[PDB]
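All of the numbers you see were taken from the coordinates with simple rules; none came from a lab. No Cβ is skipped: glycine too gets one built from the backbone with ideal geometry, and neighbour counts run over all protein chains shown.
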Amino acid sequence: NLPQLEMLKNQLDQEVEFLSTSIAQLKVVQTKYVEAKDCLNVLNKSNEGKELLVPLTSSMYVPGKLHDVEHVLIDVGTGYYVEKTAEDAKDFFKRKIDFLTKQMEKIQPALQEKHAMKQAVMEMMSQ
Amino acid sequence: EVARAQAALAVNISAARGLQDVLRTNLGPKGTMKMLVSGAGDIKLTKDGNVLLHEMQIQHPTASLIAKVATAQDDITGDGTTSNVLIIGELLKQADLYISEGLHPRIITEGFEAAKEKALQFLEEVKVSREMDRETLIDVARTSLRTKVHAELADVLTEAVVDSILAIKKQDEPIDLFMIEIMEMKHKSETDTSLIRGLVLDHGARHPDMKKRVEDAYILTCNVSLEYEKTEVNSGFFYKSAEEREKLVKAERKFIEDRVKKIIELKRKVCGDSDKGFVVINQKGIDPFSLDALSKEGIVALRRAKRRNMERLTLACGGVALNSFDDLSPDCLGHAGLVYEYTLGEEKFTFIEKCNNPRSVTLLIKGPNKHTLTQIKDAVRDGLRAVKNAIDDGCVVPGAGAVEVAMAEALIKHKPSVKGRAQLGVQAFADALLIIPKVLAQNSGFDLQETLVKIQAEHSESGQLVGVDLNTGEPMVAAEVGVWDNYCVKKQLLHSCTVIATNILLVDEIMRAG
Amino acid sequence: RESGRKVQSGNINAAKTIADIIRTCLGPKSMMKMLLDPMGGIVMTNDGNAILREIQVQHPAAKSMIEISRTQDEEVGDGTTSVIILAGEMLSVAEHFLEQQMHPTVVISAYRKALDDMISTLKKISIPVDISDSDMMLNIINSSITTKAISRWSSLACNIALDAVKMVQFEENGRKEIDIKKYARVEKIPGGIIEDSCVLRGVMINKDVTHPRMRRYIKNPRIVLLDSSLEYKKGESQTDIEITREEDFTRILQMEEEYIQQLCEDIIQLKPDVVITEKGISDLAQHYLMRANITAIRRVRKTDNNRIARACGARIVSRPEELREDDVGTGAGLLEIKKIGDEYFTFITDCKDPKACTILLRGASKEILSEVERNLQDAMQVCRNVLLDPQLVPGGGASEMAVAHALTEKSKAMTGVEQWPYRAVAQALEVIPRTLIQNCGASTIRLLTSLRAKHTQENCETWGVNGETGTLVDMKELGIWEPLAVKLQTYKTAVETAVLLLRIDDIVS
């Protein structure tokens, strides 16, 4: 009796935490596709042959001479890589964002809905 | 299934007699009781015209339809439904006789009305304006109760009747929806009929010996919770919040010992002693330990009251209603010069009595607690409305057919139209009137013919209103006798008799369908 | 699947009993049939339309009789009994004979000439009215109410019928045909009295507008009827994406503001206070108007707005641009939230067109009012029937016995086999007189033959038997009157009605 109303309150607290986390993270994961999208505009711009300083390993950064700006990767499938044109790569970045976008989107409709129902249980709590 | 015109009217008129006839003593002291074990399938006892109708599940439309309009008089008078059915079918008997010989169903229905008037005019003409005294009402009381029960039974009844209405005549209210408070009690005999100018309190307090005789009644009718409740209750109740339950345990008896002190102080404010009686009546449960505190203060603190009783408490005493006893002035609570807390059987039925400015007067009856005990309660209660009409009308005339002939006389003694046409209606109309005394006299005695020629010639010789000895069959001056028709009662059922008898004469088919 | 003569029988057969029992119920003097439900439910009525119902109906032409009955119940509702009498009269007499004389046909035709002779005689037998003199109309309504025997409140409602229905009458095809009823607006009201009611201008808005923020009274603000399309446009002229997020709330709701205003400023261009918003209602629409301090009445019917289209006599406006008084709220006009009883009533009065009132009804309460309204409803329609028809006839057998002579005079002159319908037509007039002779409860054969003579010299112009006076009488002195059409309307129906079932030899499923 008494614990049941105590139970579902902080229960619905965490779904807020979870979804806010998930949209936050699905706000995060989208951001790196345009990163993959934009870094290609730079490499087209300067030229193939510019020094690229890319990370090597932990704290290690490795240099290299830019080549093949038209040859640019889309990571898709389970374990698979499609290098794509300078045009094509920027597209599926945009795509997989938009795949993530409504994925990210409906989270807050799920996010915001879980708090007021905790409140609804918190409302009954102080009741 | 269908029956046309003539065949339609038969089922109508044929259905009346036997139905109608059962009532041939429903009226006056000669009236014979009738028992339903069959109405819902339950053992009962009744005499009234309209009531017996509704009581029995009554399958025939004839039986069905008047009970609707018979509801009107029983609504109005309460009796003469014990009567009206008798003239109605006898009237139905009359009109067919023409159509039997042949005549147009219209003109007979048509010829009832100036008849319905010239006779109603005779009502104006015959109506005996009487100045109502308790005695006049006593014999008004017994004429309706004779219709109901023994004149013997009418006796102990008559007292409370004319006495209850006696304090409402003070109120100058011509009708009684108060002083209609009635009580029934555990007894071997329904004989006991008791009169409390105040009320009677069904519920006893769970604590006896609080103030068992409350002399001065200071009544706060209280919805109050002096049982909030004593233990864990949260809003007053259990719930799913421990957090709230954890806070809500203590203030309970605090809110209660509040209302305890709110009565404690009140009592000693109302009283300062246990000498002057005192009363608290909760609409809900009370803590007995509250009571225990209070029962020892000189209060009778009462609980789980019925909101209805609260009113007559709030009113007949001039009582009052609060959610917090606080303190109130001693006089701030309504009063009954005595309260008598009374156990017959195992339950104390507290008489808050001579409730100050009673608008309500309580009529106790002690009885075997059977439909016997019912057959008494209904009996007085329509007489109440009957005698209430004598408050209404200053004109009360005697019953026992003293009216009928003299009324049936004129319109017959002369064609009121001097039309055969109307007299067709009228002779049909004005005839049915005689059914009541002529059967009652013969119900009790000799053939109608004698008393008829008696009562007629008598009225013809007298003009004094002479009426049957309802257990003999001989006419007696019915005014002096006391069998008495409110000019309310008789006039209405007159109308009631005819107003239905027309369009039902006018049913020239009935199809079973819908 | 049903056939010919048996149909023709079942025609005469059913239509006989169809035409019948309610004639006992006919007349101010009447005989109410009882109706029993198979459960035992009992009914007492003079109403055939009611009587048509509880009775178990099988014969599909009886259903078709219920049709022209309901069809007439749509038209008047009175005489639906009386219309099916004569078709029952018609179908009974000529049909079997003249079909055993082999034809619906000559029967079909001659009712064309049954019709016109009376139609002629109608204009002869009915006399014009003053719709100008409502008292000249009132006696009719005084007459209209009392066959079902309701007077008490109607005696006033009689007048109140006259008043509005002449005003609720404004209608023109250019031949100026006035059916207009929906203009007349009625009000259920608690309190007052049946003897206190009125007709208030425009169309009073009672039913679904109690709305307390209409303000209360509009002195001369306009009322605004919106076939706009006031719905906020989330974009410039359009509705942008929804609001799932903070960014859609700021930009979109802002552009939602403009379209409301720019139309509500077009609404302001006609300067209202009250705007009853029907199409394009928006939670921002009233709020803007409520921010405009323009009471915007929403959650409302366009039926109200059609009542309001007849309350200001206006139309409703789809135009977003440049909203006008003559567009909506035609005329100066009023709007007032009135409490009759305590019920809030919008009264939009002063239609731009005159003949503007709508019936306020007060009883001592809704019910005893409904007593007025129901009977006023009959009272008010007889008006627009007298307003329909400014001729009216001495009734009863006068109405009945008149044409048969000319009809027989025709049959005698026409001397065809069409004469036989005009014979079959002749006395069918006299059945309600038989009912009238029922109504008085007298000897019909006499009163017929007696009234037959009353048309031999008097020509029964005003002379029927009136069962309620009981006697062969002038119906003008006696004052039995109905606007001519109603007579014909009852008369026109049965002809076609009979002629209808006169066509059927075949029921088929």
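Annotations for the structure displayed:
- Subset of segment C:90-149 [crowded, with 20+ Cβ neighbours inside 10 Å and among the charged types (D, E, K, R)]: C:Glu95, C:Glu99, C:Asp117
- Looking across segment A:111-123 at every residue that is within 11 Å of another protein chain (Cβ to nearest Cβ) and surrounded by fewer than 16 Cβ atoms within 10 Å (Cβ to Cβ), the one that is farthest from A:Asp13 (Cα to Cα) is identified as A:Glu123.
- Within segment A:63-99, the set of residues being part of a strand (DSSP E or B), of a type outside the set (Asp, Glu) and within 22 Å of the chain's Cα centre (by Cα) comprises A:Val72, A:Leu73, A:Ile74, A:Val76, A:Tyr80, A:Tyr81, A:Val82, A:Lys84.
- Filtering segment B:33-74 to residues that are of a type in the set (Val, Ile, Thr), touching a residue at least 60 places away in the same chain (Cβ under 8 Å) and in contact with a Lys or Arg (Cβ under 9 Å, 6 or more places away or on another chain) leaves B:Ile43, B:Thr46.
- Tallying residues that are closer than 22 Å to C:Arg175 by Cα and touching an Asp or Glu at 6+ places or on another chain (Cβ under 7 Å) within segment C:337-383 yields 1.
- Residues within segment B:5-54 that are among the charged types (D, E, K, R) and buried (at least 16 other Cβ atoms within 10 Å of the Cβ), tallied: 6
- Boolean, A:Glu51 is more than 14 Å from chain B (Cβ to nearest Cβ), in contact with a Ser or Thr (Cβ under 8 Å, 6 or more places away or on another chain) and of a type in the set (D, E, K, R): no
- Matching strands (runs of 3 or more DSSP E) fully within segment C:312-395 where at least 2 residues are touching a residue at least 24 places away in the same chain (Cβ under 8 Å) and over 21 Å from C:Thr210 (Cα atoms): C:391-394
- Cβ-Cβ under 6 Å pairs, at least 6 apart or on other chains, segment B:171-183 side outside any loop (DSSP other than H, G, I, E, B), far side among the hydroxyl-bearing types (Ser, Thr, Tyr): B:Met183/B:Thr362
- Segment C:1-55, residues that are basic (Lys, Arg), within 13 Å of another protein chain (Cβ to nearest Cβ), farther than 25 Å from C:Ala94 by Cβ and touching a residue at least 40 places away in the same chain (Cβ under 8 Å): C:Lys29
- Only residues that are touching a residue at least 24 places away in the same chain (Cβ under 8 Å), not aliphatic (A, V, I, L, M) and not in a loop (DSSP other than H, G, I, E, B) were counted across segment C:155-181, and they come to 4.
- Residues of segment B:102-119 satisfying the condition of being within 14 Å of another protein chain (Cβ to nearest Cβ), surrounded by fewer than 22 Cβ atoms within 10 Å (Cβ to Cβ) and either of a type in the set (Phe, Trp, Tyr) or within 32 Å of the chain's Cα centre (by Cα) (or both): B:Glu113
- Failed condition for B:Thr147, given (1) closer than 19 Å to B:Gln375 by Cα; (2) surrounded by fewer than 21 Cβ atoms within 10 Å (Cβ to Cβ); (3) touching an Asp or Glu at 6+ places or on another chain (Cβ under 9 Å): (2)
- When residues of segment C:233-286 are limited to those that are among the β-branched types (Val, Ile, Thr) and assigned to a loop (DSSP other than H, G, I, E, B), the one nearest to C:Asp304 (Cα to Cα): C:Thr277
- Residue list for segment B:469-514, restricted to those being β-branched (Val, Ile, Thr) and either away from chain C (no Cβ under 14 Å) or free of Cβ contacts under 8 Å to residues at least 40 places away in the same chain (or both): B:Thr472, B:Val477, B:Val481, B:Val483, B:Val489, B:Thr498
- Here B:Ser290 passes the criteria (1) out of contact with any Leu (no Cβ under 6 Å at 6 or more places or on another chain); (2) of a type in the set (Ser, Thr, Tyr); (3) crowded, with 18+ Cβ neighbours inside 10 Å except the one numbered (1).
- Matching residues, segment B:229-272, being basic (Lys, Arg), under 30 Å from B:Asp331 (Cα atoms) and either within 14 Å of another protein chain (Cβ to nearest Cβ) or within 46 Å of the chain's Cα centre (by Cα) (or both): B:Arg253, B:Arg259, B:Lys261, B:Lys262, B:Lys267, B:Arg268, B:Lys269
- Selection from segment C:225-245 of residues that are under 13 Å from C:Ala285 (Cα atoms) and either basic (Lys, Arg) or in contact with a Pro (Cβ under 9 Å, 6 or more places away or on another chain) (or both): C:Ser228, C:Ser229, C:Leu230, C:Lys233, C:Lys234
- Residue count for segment C:208-230, restricted to those that are part of a loop (DSSP other than H, G, I, E, B) and either aliphatic (A, V, I, L, M) or touching a helix residue (DSSP H, G or I) at 6+ places or on another chain (Cβ under 7 Å) (or both): 7
- Each residue in segment C:113-134 was checked for being assigned to a loop (DSSP other than H, G, I, E, B) and in contact with an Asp or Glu (Cβ under 9 Å, 6 or more places away or on another chain), and 2 of them qualify.
- The lone exception for C:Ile68 - which of (1) out of contact with any strand residue (DSSP E or B) (no Cβ under 6 Å at 6 or more places or on another chain); (2) within 14 Å of chain B (Cβ to nearest Cβ) it fails: (2)
- Set side by side, the residues C:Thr277, C:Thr303, C:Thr250 differ, and just one is among the polar types (S, T, N, Q) and more than 25 Å from C:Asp353 (Cβ to Cβ), which is C:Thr250.
- For segment B:226-275, a residue qualifies if it is surrounded by fewer than 21 Cβ atoms within 10 Å (Cβ to Cβ), assigned to a loop (DSSP other than H, G, I, E, B) and in contact with a strand residue (DSSP E or B) (Cβ under 9 Å, 6 or more places away or on another chain), and the qualifying residues are B:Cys271, B:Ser274.
- Condition met for C:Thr415 (without any contact (Cβ under 8 Å) to a residue 24 or more places away in the chain and more than 14 Å from every other protein chain (Cβ to nearest Cβ)): yes
- Residue identified as over 30 Å from B:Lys377 (Cα atoms) and either touching a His at 6+ places or on another chain (Cβ under 6 Å) or outside any helix (DSSP H, G or I) (or both) among B:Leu103, B:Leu97, B:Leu92, B:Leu123: B:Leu103
- Residue in segment C:443-453 that is surrounded by 19 or more Cβ atoms within 10 Å (Cβ to Cβ), farther than 22 Å from B:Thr109 by Cβ and not charged (D, E, K, R) present: yes
- For C:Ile432, the conditions (1) assigned to a helix (DSSP H, G or I); (2) in contact with a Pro (Cβ under 9 Å, 6 or more places away or on another chain) are fulfilled apart from (2).
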